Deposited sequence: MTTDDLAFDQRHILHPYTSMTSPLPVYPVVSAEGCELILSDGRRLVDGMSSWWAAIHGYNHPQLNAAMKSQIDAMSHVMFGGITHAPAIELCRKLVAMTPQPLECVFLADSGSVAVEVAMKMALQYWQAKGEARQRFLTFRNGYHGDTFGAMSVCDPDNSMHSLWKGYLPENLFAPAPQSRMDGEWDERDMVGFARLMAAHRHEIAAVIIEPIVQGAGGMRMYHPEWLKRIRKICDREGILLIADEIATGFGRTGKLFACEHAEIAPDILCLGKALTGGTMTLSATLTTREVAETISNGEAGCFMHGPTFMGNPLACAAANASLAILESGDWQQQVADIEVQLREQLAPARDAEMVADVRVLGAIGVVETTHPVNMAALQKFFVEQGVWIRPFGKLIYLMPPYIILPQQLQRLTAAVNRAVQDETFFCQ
């Protein structure tokens, strides 16, 4: 990269969630390997974010690289309208088999938000097919489901058609207080017949606050959903594939949703792909009202399916459990001291999710710069300095992250 290259990026390219007149410093990355990002000048950085939590196996993984290259040799892409192929079949076989039994119908999509939008669409076609007029969604405060319009209608109004917003689950993953239930039950009482589906992120509410709630909630919500005949959508785009300690975070409550959304770590953070699973009752009902009105251009893409197949195969070894278990232990030990810093408000850890919540909103440009100077890549956000590293990170690499996090919260320097 050159300096004219970097002037160009800043003047012409919009980055995610930032200003075009006031971009925040960007760091030029030329390649990646293991759990490190290599910069244009040679500096290496320990990745604590997993490229927004998708790169669970790290970067430049030989199994992933081979899969992708093999598939390119056959075909990166072919349409899926009236055509099918090995990579997609393989992937749907794995997806059906690794998820709760009821979930056996797979609709492949290209990105997380489309996966949510598809789920929403299934929910709505479902009721229309049965003649019921159910159009609202009951979700929770602090939920995040993506940026397209449909997804934006179910995100928290703070963090467009009106949906119902129940209180953020208060009970931590921690004692279960039955009082936490009122808000939700009241809204369900009032709108039960308007509600097409309940949509939530299981256990961990990610972008909406990195909030860890009690598994009993899923137990209850599932029981209420069954009672009323309403569908349960579980948005596991962030939680899926071992992040929280279990393969799917719904396992913690030993329940199955009617619709399950997947993405992010689905492909090993190699490239975009997504999946929305449902049940036979949901898929058949839809068809019978004649079809499911959705079909992304690159749906089922041979190249992305193969990468995801290779990433799901890596998880077949089982090694992620001990890996996430030890990362959980190690984040707990090493962030504990952050409970003594004055900028800290709370420390919560779960699986390979290490969160340090602050009293004051961070100054990203200055905090980012600080982490880069420590040899680590951490992207704070709001009042959250959280780690979500690849499962195969070395203990010493985990130590530099936690050390840099602890140092960052010692005083107000990097705050506000």
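- Gaps in the model relative to the deposited sequence occur at 160-168, 183, 300-301, 429, listed in sequence order.
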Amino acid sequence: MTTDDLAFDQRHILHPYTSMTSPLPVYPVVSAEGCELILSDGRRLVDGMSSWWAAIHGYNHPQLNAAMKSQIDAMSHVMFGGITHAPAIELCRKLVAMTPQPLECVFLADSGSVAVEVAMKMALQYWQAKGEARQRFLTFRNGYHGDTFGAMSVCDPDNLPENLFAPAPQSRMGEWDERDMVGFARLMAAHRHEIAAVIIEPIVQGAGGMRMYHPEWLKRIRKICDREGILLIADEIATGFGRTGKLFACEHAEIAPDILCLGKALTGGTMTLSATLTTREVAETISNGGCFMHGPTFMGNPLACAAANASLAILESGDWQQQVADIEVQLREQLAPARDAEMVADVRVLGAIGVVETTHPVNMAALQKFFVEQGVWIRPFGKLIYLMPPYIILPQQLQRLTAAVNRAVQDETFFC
From here on, numbers count along this sequence of modelled residues.
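- Taking the PDB entry as given, 190-198 carries the higher mean Cα B factor of the two stretches 190-198 and 264-272.
- Checked against the record, the higher mean CA B factor of 174-182 and 203-211 lies with 174-182.
- Which of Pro302, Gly240, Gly289, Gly82 has the largest Cα B-factor in the deposited entry comes down to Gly289.
- Looking at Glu316, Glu236, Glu104, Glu90, the one whose CA carries the top B-factor in the deposited record is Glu316.
- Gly58 sits in the lowest third of its chain by CA B factor, as recorded in the PDB entry.
- For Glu357, the recorded CA B-factor ranks within the middle third of the chain. Only modelled residues enter the ranking.
- Split the chain's modelled residues into thirds by C-alpha temperature factor. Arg227 is in the highest one.
- Per-chain ranking of the deposited C-alpha B factor places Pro390 in the lowest third.
- Placement of the Cα temperature factor of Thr18 within the chain: middle third of the modelled residues, per the deposited record.
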